[PDB]
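What follows is data.cif (mmCIF, N, CA, C and O atoms).
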data_upload
loop_
_atom_site.label_atom_id
_atom_site.label_comp_id
_atom_site.auth_asym_id
_atom_site.auth_seq_id
_atom_site.Cartn_x
_atom_site.Cartn_y
_atom_site.Cartn_z
N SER S 4 0.83 -1.20 0.00
CA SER S 4 0.00 0.00 0.00
C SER S 4 0.87 1.26 0.00
O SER S 4 1.41 1.68 -1.03
N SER S 5 1.01 1.86 1.17
CA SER S 5 1.70 3.13 1.32
C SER S 5 2.94 2.95 2.20
O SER S 5 3.19 1.88 2.76
N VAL S 6 3.71 4.01 2.30
CA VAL S 6 4.77 4.12 3.28
C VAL S 6 4.51 5.38 4.09
O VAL S 6 3.94 6.35 3.58
N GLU S 7 4.88 5.34 5.36
CA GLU S 7 4.81 6.52 6.20
C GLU S 7 6.22 7.07 6.35
O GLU S 7 7.14 6.31 6.68
N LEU S 8 6.40 8.36 6.08
CA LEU S 8 7.72 8.97 6.12
C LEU S 8 7.67 10.27 6.91
O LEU S 8 6.64 10.95 6.96
N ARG S 9 8.79 10.62 7.53
CA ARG S 9 8.93 11.88 8.25
C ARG S 9 9.36 12.98 7.27
O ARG S 9 10.25 12.77 6.45
N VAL S 10 8.73 14.14 7.37
CA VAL S 10 9.01 15.24 6.45
C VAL S 10 10.27 15.96 6.90
O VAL S 10 10.37 16.40 8.05
N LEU S 11 11.25 16.07 6.01
CA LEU S 11 12.44 16.88 6.26
C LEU S 11 12.50 18.00 5.22
O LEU S 11 11.83 17.95 4.19
N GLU S 12 13.33 18.99 5.50
CA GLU S 12 13.46 20.17 4.64
C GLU S 12 14.10 19.82 3.29
O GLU S 12 14.89 18.88 3.18
N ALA S 13 13.75 20.59 2.27
CA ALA S 13 14.42 20.49 0.97
C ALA S 13 15.77 21.19 1.00
O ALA S 13 15.92 22.27 1.58
N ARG S 14 16.76 20.59 0.34
CA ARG S 14 18.02 21.28 0.12
C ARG S 14 17.79 22.45 -0.84
O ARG S 14 16.83 22.45 -1.62
N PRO S 15 18.64 23.47 -0.79
CA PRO S 15 18.36 24.69 -1.58
C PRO S 15 18.14 24.43 -3.06
O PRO S 15 17.26 25.06 -3.67
N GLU S 16 18.90 23.51 -3.67
CA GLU S 16 18.74 23.22 -5.09
C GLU S 16 17.33 22.74 -5.43
O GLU S 16 16.92 22.83 -6.59
N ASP S 17 16.58 22.23 -4.45
CA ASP S 17 15.29 21.63 -4.73
C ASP S 17 14.11 22.52 -4.37
O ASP S 17 12.96 22.12 -4.59
N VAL S 18 14.35 23.71 -3.84
CA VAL S 18 13.25 24.56 -3.41
C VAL S 18 12.55 25.10 -4.65
O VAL S 18 13.19 25.60 -5.58
N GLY S 19 11.22 24.98 -4.68
CA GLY S 19 10.44 25.40 -5.82
C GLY S 19 10.22 24.33 -6.86
O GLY S 19 9.56 24.60 -7.88
N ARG S 20 10.75 23.14 -6.66
CA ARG S 20 10.49 22.03 -7.57
C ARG S 20 9.36 21.19 -7.00
O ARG S 20 9.26 20.99 -5.78
N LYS S 21 8.50 20.71 -7.88
CA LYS S 21 7.40 19.85 -7.45
C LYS S 21 7.89 18.41 -7.36
O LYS S 21 7.43 17.52 -8.08
N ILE S 22 8.88 18.20 -6.47
CA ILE S 22 9.56 16.92 -6.31
C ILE S 22 9.66 16.58 -4.83
O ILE S 22 9.54 17.43 -3.95
N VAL S 23 9.92 15.29 -4.57
CA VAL S 23 10.31 14.82 -3.25
C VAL S 23 11.54 13.95 -3.43
O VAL S 23 11.76 13.39 -4.50
N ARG S 24 12.34 13.85 -2.38
CA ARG S 24 13.52 12.99 -2.40
C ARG S 24 13.29 11.84 -1.43
O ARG S 24 12.90 12.07 -0.28
N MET S 25 13.55 10.62 -1.90
CA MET S 25 13.44 9.41 -1.08
C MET S 25 14.55 8.45 -1.49
O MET S 25 15.05 8.52 -2.62
N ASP S 26 14.93 7.55 -0.59
CA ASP S 26 16.06 6.67 -0.89
C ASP S 26 15.61 5.48 -1.74
O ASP S 26 14.42 5.29 -2.03
N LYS S 27 16.58 4.69 -2.19
CA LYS S 27 16.27 3.62 -3.13
C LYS S 27 15.38 2.56 -2.50
O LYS S 27 14.49 2.01 -3.17
N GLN S 28 15.61 2.24 -1.23
CA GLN S 28 14.77 1.27 -0.54
C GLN S 28 13.32 1.72 -0.54
O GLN S 28 12.42 0.92 -0.81
N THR S 29 13.09 3.00 -0.25
CA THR S 29 11.73 3.50 -0.22
C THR S 29 11.09 3.48 -1.60
O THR S 29 9.92 3.10 -1.74
N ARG S 30 11.85 3.86 -2.63
CA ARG S 30 11.31 3.79 -3.98
C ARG S 30 10.92 2.37 -4.34
O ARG S 30 9.87 2.13 -4.95
N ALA S 31 11.76 1.40 -3.97
CA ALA S 31 11.43 0.01 -4.26
C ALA S 31 10.17 -0.43 -3.53
O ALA S 31 9.30 -1.09 -4.11
N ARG S 32 10.05 -0.06 -2.24
CA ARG S 32 8.84 -0.39 -1.48
C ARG S 32 7.60 0.16 -2.16
O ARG S 32 6.55 -0.49 -2.18
N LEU S 33 7.71 1.36 -2.73
CA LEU S 33 6.58 2.00 -3.40
C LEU S 33 6.34 1.48 -4.80
O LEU S 33 5.26 1.71 -5.35
N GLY S 34 7.31 0.80 -5.40
CA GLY S 34 7.16 0.37 -6.78
C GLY S 34 7.41 1.46 -7.79
O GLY S 34 6.86 1.40 -8.90
N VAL S 35 8.23 2.45 -7.46
CA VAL S 35 8.52 3.56 -8.37
C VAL S 35 10.03 3.66 -8.60
O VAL S 35 10.84 3.14 -7.83
N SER S 36 10.38 4.36 -9.68
CA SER S 36 11.76 4.68 -10.04
C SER S 36 11.92 6.20 -10.02
O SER S 36 10.94 6.94 -10.02
N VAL S 37 13.17 6.67 -10.01
CA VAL S 37 13.39 8.11 -10.14
C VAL S 37 12.73 8.60 -11.42
O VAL S 37 12.77 7.93 -12.47
N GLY S 38 12.07 9.75 -11.33
CA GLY S 38 11.32 10.31 -12.43
C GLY S 38 9.85 9.94 -12.46
O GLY S 38 9.07 10.59 -13.17
N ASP S 39 9.45 8.91 -11.72
CA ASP S 39 8.04 8.59 -11.57
C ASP S 39 7.38 9.57 -10.59
O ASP S 39 8.05 10.37 -9.93
N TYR S 40 6.05 9.49 -10.49
CA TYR S 40 5.29 10.37 -9.62
C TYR S 40 4.71 9.60 -8.44
O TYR S 40 4.41 8.40 -8.55
N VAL S 41 4.60 10.28 -7.31
CA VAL S 41 3.93 9.76 -6.13
C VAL S 41 2.94 10.80 -5.65
O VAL S 41 3.01 11.98 -6.03
N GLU S 42 2.00 10.35 -4.83
CA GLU S 42 1.11 11.25 -4.12
C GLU S 42 1.49 11.24 -2.65
O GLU S 42 1.65 10.17 -2.05
N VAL S 43 1.65 12.43 -2.08
CA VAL S 43 1.93 12.62 -0.66
C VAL S 43 0.64 13.08 -0.02
O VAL S 43 -0.02 13.99 -0.54
N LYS S 44 0.28 12.48 1.10
CA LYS S 44 -1.03 12.74 1.69
C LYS S 44 -0.91 13.06 3.17
O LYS S 44 -0.08 12.49 3.89
N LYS S 45 -1.77 13.97 3.64
CA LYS S 45 -1.93 14.24 5.07
C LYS S 45 -3.40 14.52 5.30
O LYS S 45 -3.91 15.54 4.83
N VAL S 46 -4.08 13.62 6.01
CA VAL S 46 -5.52 13.73 6.24
C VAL S 46 -6.22 13.89 4.89
O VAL S 46 -6.14 13.00 4.04
N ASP S 47 -6.89 15.02 4.67
CA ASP S 47 -7.62 15.23 3.43
C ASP S 47 -6.89 16.16 2.48
O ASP S 47 -7.48 16.68 1.53
N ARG S 48 -5.59 16.36 2.68
CA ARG S 48 -4.77 17.12 1.76
C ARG S 48 -3.86 16.18 0.99
O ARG S 48 -3.48 15.12 1.48
N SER S 49 -3.50 16.59 -0.23
CA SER S 49 -2.62 15.76 -1.04
C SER S 49 -1.92 16.62 -2.08
O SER S 49 -2.43 17.66 -2.51
N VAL S 50 -0.71 16.20 -2.44
CA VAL S 50 0.05 16.81 -3.52
C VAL S 50 0.70 15.68 -4.31
O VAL S 50 1.05 14.64 -3.75
N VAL S 51 0.83 15.88 -5.61
CA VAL S 51 1.52 14.93 -6.48
C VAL S 51 2.90 15.50 -6.78
O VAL S 51 3.03 16.68 -7.13
N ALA S 52 3.93 14.68 -6.61
CA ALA S 52 5.30 15.14 -6.78
C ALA S 52 6.10 14.10 -7.54
O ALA S 52 5.85 12.90 -7.43
N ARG S 53 7.09 14.57 -8.29
CA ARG S 53 8.01 13.68 -8.98
C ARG S 53 9.08 13.18 -8.01
O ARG S 53 9.55 13.92 -7.16
N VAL S 54 9.45 11.91 -8.16
CA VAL S 54 10.42 11.27 -7.27
C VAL S 54 11.83 11.50 -7.79
O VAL S 54 12.15 11.11 -8.92
N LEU S 55 12.68 12.13 -6.98
CA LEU S 55 14.10 12.27 -7.27
C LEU S 55 14.89 11.54 -6.19
O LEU S 55 14.40 11.36 -5.07
N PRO S 56 16.09 11.05 -6.50
CA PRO S 56 16.81 10.20 -5.54
C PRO S 56 17.37 11.00 -4.38
O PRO S 56 18.04 12.02 -4.57
N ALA S 57 17.12 10.52 -3.17
CA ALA S 57 17.77 11.10 -2.01
C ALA S 57 19.28 10.94 -2.12
O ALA S 57 19.80 9.99 -2.70
N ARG S 58 19.99 11.90 -1.54
CA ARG S 58 21.44 11.84 -1.50
C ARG S 58 21.90 10.70 -0.59
O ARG S 58 21.15 10.24 0.27
N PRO S 59 23.12 10.20 -0.79
CA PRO S 59 23.52 8.98 -0.06
C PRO S 59 23.50 9.15 1.45
O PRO S 59 23.16 8.19 2.16
N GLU S 60 23.79 10.35 1.95
CA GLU S 60 23.82 10.57 3.40
C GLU S 60 22.46 10.44 4.04
O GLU S 60 22.38 10.30 5.26
N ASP S 61 21.38 10.51 3.26
CA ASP S 61 20.03 10.43 3.79
C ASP S 61 19.47 9.01 3.79
O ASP S 61 18.30 8.82 4.13
N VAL S 62 20.28 8.00 3.45
CA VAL S 62 19.75 6.65 3.29
C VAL S 62 19.25 6.11 4.62
O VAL S 62 19.87 6.31 5.68
N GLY S 63 18.10 5.44 4.57
CA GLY S 63 17.56 4.71 5.70
C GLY S 63 17.04 5.55 6.83
O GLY S 63 16.74 5.00 7.90
N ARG S 64 16.91 6.86 6.64
CA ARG S 64 16.44 7.73 7.70
C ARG S 64 14.92 7.71 7.86
O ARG S 64 14.42 8.27 8.83
N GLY S 65 14.20 7.08 6.94
CA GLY S 65 12.76 7.11 7.01
C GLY S 65 12.18 8.46 6.70
O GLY S 65 11.16 8.84 7.28
N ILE S 66 12.81 9.22 5.80
CA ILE S 66 12.40 10.59 5.54
C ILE S 66 11.98 10.76 4.09
O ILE S 66 12.29 9.95 3.20
N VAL S 67 11.24 11.84 3.86
CA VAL S 67 11.00 12.39 2.54
C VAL S 67 11.32 13.87 2.63
O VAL S 67 10.83 14.56 3.54
N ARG S 68 12.19 14.35 1.75
CA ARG S 68 12.49 15.78 1.72
C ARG S 68 11.52 16.46 0.78
O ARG S 68 11.36 16.04 -0.37
N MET S 69 10.89 17.53 1.27
CA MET S 69 9.99 18.31 0.44
C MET S 69 10.08 19.77 0.88
O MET S 69 10.32 20.06 2.05
N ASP S 70 9.90 20.68 -0.08
CA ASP S 70 10.17 22.07 0.24
C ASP S 70 8.99 22.70 0.99
O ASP S 70 7.93 22.09 1.17
N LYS S 71 9.19 23.95 1.42
CA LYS S 71 8.21 24.64 2.25
C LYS S 71 6.91 24.91 1.50
O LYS S 71 5.86 25.10 2.14
N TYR S 72 6.95 24.92 0.16
CA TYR S 72 5.74 25.12 -0.63
C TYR S 72 4.87 23.87 -0.64
O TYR S 72 3.65 23.95 -0.49
N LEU S 73 5.48 22.70 -0.84
CA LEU S 73 4.70 21.48 -0.75
C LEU S 73 4.22 21.24 0.68
O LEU S 73 3.12 20.72 0.89
N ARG S 74 5.03 21.61 1.68
CA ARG S 74 4.59 21.49 3.06
C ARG S 74 3.36 22.36 3.32
O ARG S 74 2.42 21.93 3.98
N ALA S 75 3.36 23.58 2.78
CA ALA S 75 2.21 24.47 2.93
C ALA S 75 0.96 23.85 2.30
O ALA S 75 -0.13 23.91 2.87
N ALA S 76 1.11 23.26 1.12
CA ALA S 76 -0.03 22.64 0.45
C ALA S 76 -0.61 21.50 1.28
O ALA S 76 -1.82 21.26 1.24
N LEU S 77 0.23 20.77 2.01
CA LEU S 77 -0.23 19.65 2.82
C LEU S 77 -0.60 20.06 4.24
O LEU S 77 -1.20 19.25 4.95
N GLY S 78 -0.24 21.26 4.66
CA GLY S 78 -0.45 21.69 6.03
C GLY S 78 0.44 20.97 7.02
O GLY S 78 0.02 20.71 8.16
N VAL S 79 1.67 20.65 6.63
CA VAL S 79 2.56 19.91 7.51
C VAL S 79 3.78 20.76 7.82
O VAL S 79 4.11 21.73 7.13
N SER S 80 4.44 20.38 8.90
CA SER S 80 5.69 20.97 9.34
C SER S 80 6.79 19.93 9.16
O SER S 80 6.53 18.73 9.09
N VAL S 81 8.04 20.40 9.11
CA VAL S 81 9.16 19.48 9.25
C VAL S 81 8.97 18.67 10.52
O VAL S 81 8.62 19.22 11.57
N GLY S 82 9.18 17.35 10.42
CA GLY S 82 8.99 16.46 11.54
C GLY S 82 7.64 15.79 11.59
O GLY S 82 7.49 14.80 12.32
N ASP S 83 6.64 16.30 10.87
CA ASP S 83 5.37 15.60 10.75
C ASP S 83 5.54 14.34 9.91
O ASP S 83 6.50 14.19 9.15
N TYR S 84 4.59 13.42 10.04
CA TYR S 84 4.56 12.22 9.23
C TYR S 84 3.55 12.38 8.11
O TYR S 84 2.47 12.94 8.31
N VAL S 85 3.91 11.88 6.93
CA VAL S 85 3.00 11.86 5.79
C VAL S 85 2.93 10.45 5.23
O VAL S 85 3.82 9.62 5.44
N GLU S 86 1.84 10.19 4.51
CA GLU S 86 1.68 8.97 3.73
C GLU S 86 2.15 9.23 2.31
O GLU S 86 1.80 10.26 1.72
N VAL S 87 2.97 8.34 1.76
CA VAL S 87 3.39 8.43 0.37
C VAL S 87 2.95 7.16 -0.35
O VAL S 87 3.11 6.05 0.17
N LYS S 88 2.39 7.33 -1.54
CA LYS S 88 1.91 6.19 -2.30
C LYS S 88 1.97 6.53 -3.78
O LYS S 88 2.17 7.68 -4.17
N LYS S 89 1.81 5.50 -4.61
CA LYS S 89 1.69 5.72 -6.04
C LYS S 89 0.45 6.56 -6.34
O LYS S 89 -0.49 6.62 -5.55
N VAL S 90 0.48 7.24 -7.48
CA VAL S 90 -0.68 8.00 -7.92
C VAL S 90 -1.72 7.03 -8.46
O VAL S 90 -1.46 6.29 -9.41
N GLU S 91 -2.90 7.05 -7.87
CA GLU S 91 -3.96 6.17 -8.32
C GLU S 91 -5.30 6.73 -7.87
O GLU S 91 -5.35 7.78 -7.23
#
Could the structure of this file be written out as structure tokens, please?
Amino acid sequence: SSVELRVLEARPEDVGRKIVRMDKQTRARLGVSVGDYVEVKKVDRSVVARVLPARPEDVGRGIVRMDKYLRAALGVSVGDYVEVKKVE
């Protein structure tokens, strides 16, 4: 089904992009590859974002990096948990 991930801040290069960063393990769990799309959900809010690969230092942290604009759309703060799933 879905994965639950902790929201972390976007690195400066990614601010303003409609993307999220997740590690390879998480992409495999979701059934997606880099460049595919996922839906990020919080209660009755949702955003669709393109999947870009997390940097190696972020591996296994259980996080998704998303910028302050996508966080605003979802009503979440850094440190909140979100549901991530394929677009369907």
Considering only alpha helix (DSSP H) as DSSP defines it on the backbone, what residues of chain S qualify? List them as a ChimeraX atom specification. /S:27-33,71-77
Chain and number of each residue from the PyMOL selection byres ((chain S and resi 25-42) around 6), as number ranges by chain: S: 4, 23-24, 43-44, 50-57, 61-63, 66-68, 86-90
Compile the contact shell of residue 82 in chain S as a VMD selection string: residues with an atom at most 8 Å away, counting only C-alpha atoms, same-chain residues fewer than 2 positions apart removed. chain S and resid 9 to 11 80 84
So that I have them on file, write out the residues from the current selection with N, CA, C and O atoms, as a compact mmCIF listing (two decimals), in the frame of the given file.
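Generated file (result.txt):
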# COMPACT_ATOMS: atom_id res chain seq x y z
N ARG S 9 8.79 10.62 7.53
CA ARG S 9 8.93 11.88 8.25
C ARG S 9 9.36 12.98 7.27
O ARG S 9 10.25 12.77 6.45
N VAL S 10 8.73 14.14 7.37
CA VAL S 10 9.01 15.24 6.45
C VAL S 10 10.27 15.96 6.90
O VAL S 10 10.37 16.40 8.05
N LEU S 11 11.25 16.07 6.01
CA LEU S 11 12.44 16.88 6.26
C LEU S 11 12.50 18.00 5.22
O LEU S 11 11.83 17.95 4.19
N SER S 80 4.44 20.38 8.90
CA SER S 80 5.69 20.97 9.34
C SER S 80 6.79 19.93 9.16
O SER S 80 6.53 18.73 9.09
N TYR S 84 4.59 13.42 10.04
CA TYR S 84 4.56 12.22 9.23
C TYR S 84 3.55 12.38 8.11
O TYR S 84 2.47 12.94 8.31
Tell me which residues come within 10 Å of (-0.6, 20.2, 3.7), as number ranges by chain, counting only C-alpha atoms in the file's coordinates. S: 43-50, 71-80, 85
If you run DSSP on the backbone here, which positions in range 61-90 of chain S get strand (DSSP E or B)? Please write them as a ChimeraX atom specification. /S:66-68,84-89
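Here atom O of residue 70 in chain S stands at a distance of 21.4 Å from atom N of residue 5 in chain S.
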